[PDB]
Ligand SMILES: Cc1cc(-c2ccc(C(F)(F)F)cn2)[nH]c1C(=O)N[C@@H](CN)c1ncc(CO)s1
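Only one chain is included here, represented as structure tokens and corresponding to the form solved without the ligand.
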């Protein structure tokens, strides 16, 4: 029932007042049920009837589909949640099972009517007020308010988690090696104790919880191996995610998109790449919970893809801190990386795939590094230690990359893993110019207003060339120009640009890029033998640069 714990003091956002939202009439059979649900609720003190002086209000609704045979009352606190203070959601994310260690005896308790047992600041109560409409309209509105923590209210999770840690704190000190994990109404209890001596410790906890108003039902995962904890199944020696099933439907309401974003948010923690971006904006774009919203092509494509993601079955093994953590990385789809963190060979705790934008242009070893840096961090959150790394890049290749890259970089302890899709550097741009190699004094230009512009060289052999270009930028014609000097040239060449932009992109040894042209230049660069790119200031009387500009500039 209502715990007798000290309530947490909640303030409204400064300046804002409480919600004063209108209750729209439902059906006389929904209403009767909302009155019925509300009497049972007041019978326990979860809510309390109010009078004509309270000025706030929150929309009441009744959802259709029964869950565990339950037809209930759904309140729309969307407005109170805009007005309630910010809370500080504590953790770095949700726990991950690969972080767990094998604990002889395990029990997973569920806190029945969790939110509704913890009480609410007497002062915040006036704000959670609502009203069950009247059937016979000659009868006014049946106004209530909460005393206990409401379901979709902003603070409830934050606070129940606060109330729970304090109710569990005394119990965790007396029994220090028994790990109690708490997240939502899923209480996980485990130890290296024997079943009888163990179940005593539990009864003691379920008893303790009882002294504090917390009901822990008979639906306790009595040590029967497949434990369902947080949408994962904890097998005696391995775990597996429970399948995340999304709603397939054509008629979506503000509420069902709302529920979904929530589920998607839940799932994004267990599976990566789960975007909520497009479905979310649909909630921004419409009010009333019952009204229907049509997915945009983007939202429906997002569902298709998230749903595609949630198709891959995830699994693994538990942690044994007495052993190292090894992490292995492989290259895949031109910027698709897969990794496995294991301890015993072939025995994976976690497995995942990294793939991220390393710029507009991108280099390969540069992506490897981004991969190592994201696994390190993920290992620290889950296990508190960095893994020893297993990487598909020769020792000396990395050397040559950090020796020549102008930015600082670092990859912690690793071993070379001789395996296909070896990450390497396709081309080494020369340091000093090559003797005798044709020298192309390159240049390009274009008009902001016409988009038309010229591009081309003038070599030391008198050769010249200027191509006319349409739909370009004063900056793309400078790369196009370096393209020409590479196409129309020997395996060895010595380009000269006045472009600071082109110099940076080409100097960083890109392996891929988003600028088709830039890709065209990478392919050329690899096919060559001795490239030497050099820079020189523009709009000046340098070398050929002085004469290539005139061909390329507009009114001289």
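Residue numbers count along the first chain shown, from 1.
From this point on, the text means the form solved in complex with the ligand, which you will not see here.
Identify the site as open or blocked, taking the pose of the ligand in the entry with it bound and overlaying it via the site C-alphas; a blocked site has 3 or more ligand atoms within 2.4 Å of a backbone or C-beta atom of the shown form. By the 2.4 Å criterion, blocked.
With the partner left out of view, is residue 256 within 4.5 angstroms of the ligand in the entry with it bound by any non-hydrogen atom? No.
Flag residue 230 as yes or no: does it have a non-hydrogen atom within 4.5 angstroms of any non-hydrogen atom of the ligand in the entry with it bound? Result yes; residue 230 sits at the interface with the ligand in the entry with it bound.
Is there a non-hydrogen atom of residue 366 within 4.5 angstroms of a non-hydrogen atom of the ligand in the entry with it bound? No - in the entry with it bound, heavy atoms of residue 366 and the ligand never come within 4.5 Å of each other.
With the partner left out of view, is residue 302 within 4.5 angstroms of the ligand in the entry with it bound by any non-hydrogen atom? No.
Selected contact from 438, 370, 186, 121, since only one has a non-hydrogen atom within 4.5 angstroms of the ligand in the entry with it bound: It is 186 that has a heavy atom within 4.5 Å of the partner.
Among the candidates 329, 234, 132, 279, the residue which, in the entry with it bound, approaches the ligand to within 4.5 Å (heavy atoms): Looking at the other structure, the residue within range turns out to be 234.
Using a 4.5 Å heavy atom cutoff, which residues in 96 to 112 contact the ligand in the entry with it bound? It's fine if the answer is none. Contacts from 96 to 112: 100, 108, 110.
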